[PDB]
10 protein chains.
Amino acid sequence: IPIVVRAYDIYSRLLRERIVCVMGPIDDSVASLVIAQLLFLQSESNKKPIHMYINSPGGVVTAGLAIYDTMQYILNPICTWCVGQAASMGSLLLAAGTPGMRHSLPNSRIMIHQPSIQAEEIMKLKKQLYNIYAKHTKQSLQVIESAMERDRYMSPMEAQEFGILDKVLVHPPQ
Amino acid sequence: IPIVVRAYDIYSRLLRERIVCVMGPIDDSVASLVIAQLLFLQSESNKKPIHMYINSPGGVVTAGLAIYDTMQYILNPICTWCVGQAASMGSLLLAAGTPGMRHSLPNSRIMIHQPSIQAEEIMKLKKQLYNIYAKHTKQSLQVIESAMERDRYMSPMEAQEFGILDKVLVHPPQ
Amino acid sequence: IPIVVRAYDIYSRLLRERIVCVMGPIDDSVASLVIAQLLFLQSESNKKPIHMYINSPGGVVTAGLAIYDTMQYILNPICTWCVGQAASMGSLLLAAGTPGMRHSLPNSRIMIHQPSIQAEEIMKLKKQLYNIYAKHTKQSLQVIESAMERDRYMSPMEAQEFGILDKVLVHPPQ
Amino acid sequence: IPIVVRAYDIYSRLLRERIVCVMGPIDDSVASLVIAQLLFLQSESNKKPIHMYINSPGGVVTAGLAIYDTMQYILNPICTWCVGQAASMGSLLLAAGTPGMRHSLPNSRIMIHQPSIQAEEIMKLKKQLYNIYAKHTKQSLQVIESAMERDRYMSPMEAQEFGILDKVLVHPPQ
Amino acid sequence: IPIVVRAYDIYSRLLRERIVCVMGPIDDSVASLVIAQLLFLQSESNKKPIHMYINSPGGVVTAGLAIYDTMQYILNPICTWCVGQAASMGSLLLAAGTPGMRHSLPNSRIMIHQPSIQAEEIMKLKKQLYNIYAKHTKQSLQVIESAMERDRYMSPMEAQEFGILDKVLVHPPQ
Amino acid sequence: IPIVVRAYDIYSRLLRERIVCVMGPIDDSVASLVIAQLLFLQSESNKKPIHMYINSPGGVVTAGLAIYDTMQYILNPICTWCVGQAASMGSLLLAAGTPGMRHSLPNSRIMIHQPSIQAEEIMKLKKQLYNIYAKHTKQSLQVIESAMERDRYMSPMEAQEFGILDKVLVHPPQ
Amino acid sequence: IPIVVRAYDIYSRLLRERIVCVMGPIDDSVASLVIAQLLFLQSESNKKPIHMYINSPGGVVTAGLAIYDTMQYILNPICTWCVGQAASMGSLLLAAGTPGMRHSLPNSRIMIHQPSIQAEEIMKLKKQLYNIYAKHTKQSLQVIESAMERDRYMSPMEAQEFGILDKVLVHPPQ
Amino acid sequence: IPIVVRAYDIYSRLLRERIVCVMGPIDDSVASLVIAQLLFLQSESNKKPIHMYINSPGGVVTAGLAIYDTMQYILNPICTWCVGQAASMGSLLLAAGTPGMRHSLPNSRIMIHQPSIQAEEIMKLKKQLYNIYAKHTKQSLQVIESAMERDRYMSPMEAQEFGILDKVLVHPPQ
Amino acid sequence: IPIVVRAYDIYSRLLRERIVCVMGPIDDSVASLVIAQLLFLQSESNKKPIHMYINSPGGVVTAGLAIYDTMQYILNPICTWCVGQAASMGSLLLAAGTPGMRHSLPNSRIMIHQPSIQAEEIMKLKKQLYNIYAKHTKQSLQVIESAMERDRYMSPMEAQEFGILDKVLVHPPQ
Amino acid sequence: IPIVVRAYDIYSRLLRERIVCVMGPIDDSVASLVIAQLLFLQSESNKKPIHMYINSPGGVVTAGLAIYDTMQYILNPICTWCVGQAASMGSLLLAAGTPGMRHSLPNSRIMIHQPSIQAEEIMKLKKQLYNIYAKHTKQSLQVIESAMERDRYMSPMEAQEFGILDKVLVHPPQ
Ligand SMILES: C[C@@H]1Cc2nc(NCc3ccc(Br)cc3)[nH]c(=O)c2CN1Cc1cccc(C#N)c1
Ligand SMILES: C[C@@H]1Cc2nc(NCc3ccc(Br)cc3)[nH]c(=O)c2CN1Cc1cccc(C#N)c1
Ligand SMILES: C[C@@H]1Cc2nc(NCc3ccc(Br)cc3)[nH]c(=O)c2CN1Cc1cccc(C#N)c1
Ligand SMILES: C[C@@H]1Cc2nc(NCc3ccc(Br)cc3)[nH]c(=O)c2CN1Cc1cccc(C#N)c1
Ligand SMILES: C[C@@H]1Cc2nc(NCc3ccc(Br)cc3)[nH]c(=O)c2CN1Cc1cccc(C#N)c1
Ligand SMILES: C[C@@H]1Cc2nc(NCc3ccc(Br)cc3)[nH]c(=O)c2CN1Cc1cccc(C#N)c1
Ligand SMILES: C[C@@H]1Cc2nc(NCc3ccc(Br)cc3)[nH]c(=O)c2CN1Cc1cccc(C#N)c1
Ligand SMILES: C[C@@H]1Cc2nc(NCc3ccc(Br)cc3)[nH]c(=O)c2CN1Cc1cccc(C#N)c1
Ligand SMILES: C[C@@H]1Cc2nc(NCc3ccc(Br)cc3)[nH]c(=O)c2CN1Cc1cccc(C#N)c1
Ligand SMILES: C[C@@H]1Cc2nc(NCc3ccc(Br)cc3)[nH]c(=O)c2CN1Cc1cccc(C#N)c1
């Protein structure tokens, strides 16, 4: 994490590009940082888009739900880019983007299995996650449950036709 | 924790927005930090409100009681925002907010079970918590005990009708 | 631990409000820090009061005795504020405050039990604690020993009746 | 890691010479840093080349594939310099360089074995790697699968004739 | 590691004397740092010499080969000074210096045993080291193999007559 | 564990008195041993009763369910004696006793909270536990769910009137 | 594990009842023991059946395949009994039983997900498992794959109608 | 633990003298062993007494209560002998002995402080302990609670005066 | 590991069936035990065959070579049965069996990759392994080197075609 | 620990010579063992002497007091032999022997410092030790306190003239 050039860090100038990247497992600290960055970008401008690079092997369910609630709260359109992999919570945040701005890369893998203590609490968490999926991906609850029951990854085109993604860019279209 | 924009980081500008975030488990250090931040915001202006983002999986009983005493001591109205999950100790602070300023998010989870060496000390602490709940939630001691005896998470609407929350917002007032 | 406001840390401005915070267990380093802060505050002003916030689950006997000797040595009046829990050494430093200026929040906890290798040394230290309590709380050595034999936490009102506290404030009296 | 010469660190000036370096094992953080550096160099100039030094013993397949997708996304030609060794996951990044600009030092070691929990996921990743190698190395899928099935290190000349490298420099052009 | 004086660290000023010290075991990070320092000194001036202090108890074979390739690539004459000892890779880098500039100290010990799990890879690396020694030391492959097969250290005079060193200085000749 | 007197061990003569014991946490090995003992006692006599002492603080749900299925399969009447305590799983084993043979000592403790990765699996297991309780205790599903939702122990008389126990002996009734 | 009755152990008499118990995770040692027990029971009598109790959360794939090959090699009919739970690797052993002798208790759990570095080898093992399941359960490979692609536990009736089980007993035949 | 002389172990013959020793902390296994020994001695003879040597630094409240219930259940009179020391549970089992047979050695130490997650559970357990003490020592609940609220050790003579002991023997009756 | 019946352990009767199972990784102790068992079976009868069950994930090269030299030294024909898998040294011992007696089960996995500090020593050992394979498998050195260079598992039929096996039995000979 | 010869262990025959060796630190287990052995030797014959070899670097105060109470309780004359050393509790048990039978060896060292949580408890225990010393050694309390306050060892002759020992033997006097 070297300093890039007014003496900005690689992750400091990154946020100055309206970009909030969620790298690694999603924990309480990472969730709080992402929420703070999203709110700061909203304060800077409530109409400009905010990019979110999603590369996480999982995380906490409550953390992802808080990040999703913050994303939906702010009035900025969220462009979710799956740069790497999209685990259960990562894939949820990916699908939680604005309709028509959920992009990805050719070798990006998406997974919605949600492998997951309090039985009733986690089951109701799964129920509300199914609800969020049915809302964003424009799908039904039965198909979402059947898909999340299978422990398997999906390709960019599969995720695009299923509703998780919208576009699959290989190079900047010009 | 990158630097945002006079060379301030996330957690510094967060406190400059009259906002305090009790993130992670509540311990002696976190409790002291929250108390200092609340008192500093009071010093800045005793009239302006203070926002408290509550996302904690639990914490210490004495720490939460100290945070509650500091909140009640300062003359600033406390807007408790349940951003994520609100454990027993965090749920107390969420209920200890100003009447009419205890907000939450759609996918937030609130718990008041308080899954809790000195048996008599922790019992008196539980009684103090019952009293605080009956005071802020405008409920009785019997119902509070019955609710805190069950290990479960309440929904935003359930916590709003029970007395823990006041409003359940999805987007800012349009 | 963010930066507050000329780019002062939270704990730095804290010491600039004549406040010393004895947080967490009391050890040699914490004791040296508290002693240095007290002496520096005396240097800044020998007549202005010094506020000592006490929240500790215990500590070292010699460390608490050093802090007490430093408090008694400096001419400044020491306002001991119990914010959280006051353990053996915490409660001892609390009772060691200037008469008429020992305060505690409504839900704070006080305990002088002192749950007491050199057996004779620690016993003589215990006798010194007995004497200090008899001096400050205006109580007799017999009742002090009888109370310290019981392992329990005193409430702010109970500690005020016992002579450990002078006031139990709920809100700034105006 | 000393400071070099306006108070620039060695790795800071390194990124300031359009020179990215995938050193050590490839993980989520390292891949995120590499992607950020690549995108920042594209922002500085989308036509000037970008140098990528590869001395990695491997890493996460997802991370390397994300780095590859980022390299292919940006319009800058990527000069992949194999320094020391180019393990499986690095070898792809070494083979993914712009044609006519993939260099390697005389004593560098190249390997594409890619030693190979979700079986279907990792095997689909292996198939994607086969496709990428066939694309960049201009080789067929059968020969790539045969070469990656053998656990061995190729020499710079061997990797050059195999299509992984374009030049094997001993000294700069005289 | 104090600061020497325009507020330069001891190692920062060391690197400003055209000097790169390979201290301790040679790992990937140390190898990358040495390569970056050598290339930076080249950029500063490709004509002035570069001093390399070699004191390491071993290291990685690929790391030493990368350092050697970097040394041979840059057009700067390398003055290798053995300060304290020279392990297998250290002694190799020592012999890899410019003819007539491979100095050492009286009590400096040189070892070329190379106590070398991919067996074929390490054996091919061993053959590469044999070739490098035969090139620089101006010796044959058989004698180099016989020497590296024995696990023992060599004195500065023995290393000078064998071809590893050129001069054995005690004090600056004036 | 001394030998008692034909040179039998404590736990050996114990099983020779048709007396099985579930001590400590219930696990795969313990459950297998209990099943083997129950089947051996059935082989010895399918009509004579079998005593099951329960002093377990819990264990695996599948193990307790295996023990329960073995108890139901064997035709022997099972006298479940709650000695010390009967945690959730043990409590099921305590409730799974033959009607009119579930005994408990005065100071014994009963608890059916069942505090408990696959969400749906554990939820269906909890549903099966609800069904088993409704069957044995002659209670409804709603009351069982309400009771098991509260994390608290029950007294012998409370468990007897609730349906978990039948008799509360202090001494052998004669 | 006390001694039962000529001073036989629990697991000793268990094997003397032509009964083998695959308890806990399946490893090399456990698989070798199961194979030895099966072959010894065959030696005793090739016509008499052999009972295999299956309570395992999984284990090594090669170990389970060795157990399956031993079961199929011996001429004795294998009566599989799912007690407690039959995880993926055990489920095969449960499904590999003789047609018409695969029993399961009411609360037992069956799972065939087979959650599974030698990527190619584990995929070929998964294909062999597909073949074995298609053979024993009298189902097509497509349905077997679509079923075990989901991570879930089947009930006794579900596994019986799917082909993994034959009978679901609650009590011995009256 | 040597063999004493029909090849008896020291503990084997010890238990053959109608003597049970609760040595060390009281856990589930120790509790089960003590219960088994007591019931075996009852089986041997219900009239003859049973000697219980108590040397424990503490233990589990549930284990001590189980041992107490077993002692009260069996008709044999229990002669409690405090050897070395008697902690909370040790002293409870000591006082639980038959009246007129609770002995202790001259230098033995008795402590009933009971220094003690479920708050309500442990509190009800402490209430049960208060009741047991009031029953056996013939003391009132108020004085019992005020006594064990202090953390101190009673001498054999003091414990005899307090009602915990009946005799303090220095030598057998001459 | 129960006892089978004149009070013989399972592994004891196993060796009494002229069988020597090399289970788990091959180490010095396991190699010594296997050699001792082979020589004991030779002493019992030099004409009767000796069965060697091979289920190993790997082992030491020297250990496997010692086992091979022992197998070749004794005049008994060695029937090597691959049960579950045959790793680097396991597969070598398997191929080292007497011609016409190397058997394997349908689902067994054979691998001769031999993924193998002394470099020259291990390379000479691997050359010896090449020679042994060429001797027993009737194959040439080049093909053996090509096969062992690939990290993959051969099926029983493939290993039979490659000369490692002579038969692939599904059931005993009818 | 070999077997000596009717197939008796070294320690078993040692205990059969009326000898109890308190070897190593004195803990609850060793204390119970010594008490049991002493009582067994009493049961065998209350007139014959009992030898006690004392070689321990310390132990527990309560354990030593229990051993002392057992020694004084039994009517057998205790011959305490100091073999190698005598720590605080070891030296106490040594002095606790019968007058005229407290022997030792030439190079045996005696220490009575007693370097010693519960301050008041250990203080009263050390007072009891003072009393025991004054009783057995025929000395006063002041001298005993002054001696135990010094952290130093004593020679056999010093301990004999002080009262701890009675004789200092080198060879059996004949
Ligand atoms: C109203 C309350 C206060 C507030 N304050 C500002 N100030 C701008 C700002 C925030 C943060 C940084 Br860093 C820098 C500048 N902007 C807002 O959007 C909010 C909203 N809050 C409600 C709310 C809603 C949903 C999720 C969360 C959460 N977590 C909180
Ligand atoms: C009177 C005593 C001193 C004092 N000092 C100031 N100065 C402002 C200030 C405080 C902190 C930072 Br950082 C920056 C500026 N402001 C106050 O509100 C208090 C109140 N204190 C009593 C008190 C009451 C309740 C909880 C606690 C606690 N813990 C302490
Ligand atoms: C006389 C000796 C020197 C001295 N020096 C100053 N200078 C002011 C100062 C101190 C510290 C910081 Br940071 C900044 C400014 N002020 C004093 O009060 C003392 C007293 N000392 C005696 C003494 C008494 C009791 C406890 C301790 C202790 N520990 C030491
Ligand atoms: C459109 C989206 C936003 C964006 N923003 C800028 N700004 C320049 C800049 C970036 C970073 C630093 Br540090 C400094 C300056 N430049 C871009 O190339 C992209 C592309 N993004 C899409 C995209 C494509 C492929 C991989 C990833 C990833 N990870 C993301
Ligand atoms: C051509 C490529 C880019 C390049 N860039 C510059 N710029 C100067 C500079 C470098 C680094 C720092 Br810090 C500061 C200033 N100078 C060069 O010598 C090289 C050579 N590279 C090829 C190359 C050859 C041998 C080993 C490695 C390696 N590892 C890489
Ligand atoms: C029919 C099958 C074979 C069998 N064999 C005997 N033999 C007596 C015996 C068993 C064990 C010892 Br040790 C000593 C003597 N007795 C039986 O009850 C059963 C029942 N089995 C079915 C079954 C039912 C429920 C749970 C499990 C389980 N786990 C297994
Ligand atoms: C022919 C070969 C030798 C042999 N020997 C006997 N003896 C009886 C016996 C075995 C074991 C104990 Br313990 C006690 C008595 N009985 C047999 O079934 C076999 C079969 N063998 C082939 C074979 C097939 C499948 C899996 C494995 C494996 N692993 C091995
Ligand atoms: C009636 C039930 C069965 C029974 N069986 C016998 N047999 C004698 C015996 C027991 C053990 C060994 Br070892 C050797 C011979 N004797 C009895 O006292 C009891 C009493 N039971 C009830 C009961 C009461 C209190 C605590 C517990 C407990 N834990 C259990
Ligand atoms: C001659 C030497 C002594 C000897 N002794 C006997 N006695 C039979 C016997 C051996 C072992 C047990 Br257990 C029980 C009975 N039988 C022999 O085969 C050998 C051969 N030895 C040479 C030799 C050759 C190859 C590998 C090794 C090895 N390791 C050793
Ligand atoms: C009266 C009570 C029962 C009793 N029983 C016998 N039986 C002989 C015997 C004991 C043990 C083995 Br092993 C073998 C044979 N002999 C006795 O001395 C005692 C004395 N007891 C009281 C007592 C006094 C002092 C310390 C402790 C202690 N700890 C206990």
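Chain E residue numbers are taken from Swiss-Prot; in order, the displayed residues are 59-63, 71-181, 193-250.
Every residue gets a Cβ built from N, Cα and C, even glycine.
Annotated active site, nucleophile per Swiss-Prot: E:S153, in sequence order, evidence recorded as experimental evidence. Here Swiss-Prot flags E:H178 as active site. Residues or ranges marked as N6-succinyllysine in Swiss-Prot: E:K200. The feature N6-acetyllysine is assigned by Swiss-Prot to E:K211.
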Problem - Secondary-structure category, per DSSP, in which the residue listed as 'active site, nucleophile' falls - result: helix
Exercise for the section: Under 8 Å Cβ to Cβ from E:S153 (active site, nucleophile), same chain, six or more residues apart: give me those in sequence order, or none if nothing qualifies. Expected result: E:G123, E:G124, E:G129, E:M176, E:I177, E:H178, E:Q179, E:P180
Problem - Rounded Cα separation (Å) that holds between the residue listed as 'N6-succinyllysine' and E:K211 (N6-acetyllysine) - result: 16
Practice task
Find, for the listed recorded positions E:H178, E:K200, E:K211, the residue with the lowest Cβ contact count at a 10 Å cut-off, counting only other Cβ atoms.
Solution key: E:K211
Problem - Residues from E:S153, E:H178, E:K200, E:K211 facing chain A - recorded positions, CB under 8 A - result: none
Exercise for the section: Could you say whether, by DSSP, E:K200 (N6-succinyllysine) belongs to a helix, a strand or a coil region? Expected result: helix
Fill in the blank from the handout: Per DSSP (three-state), E:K211 (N6-acetyllysine) is helix
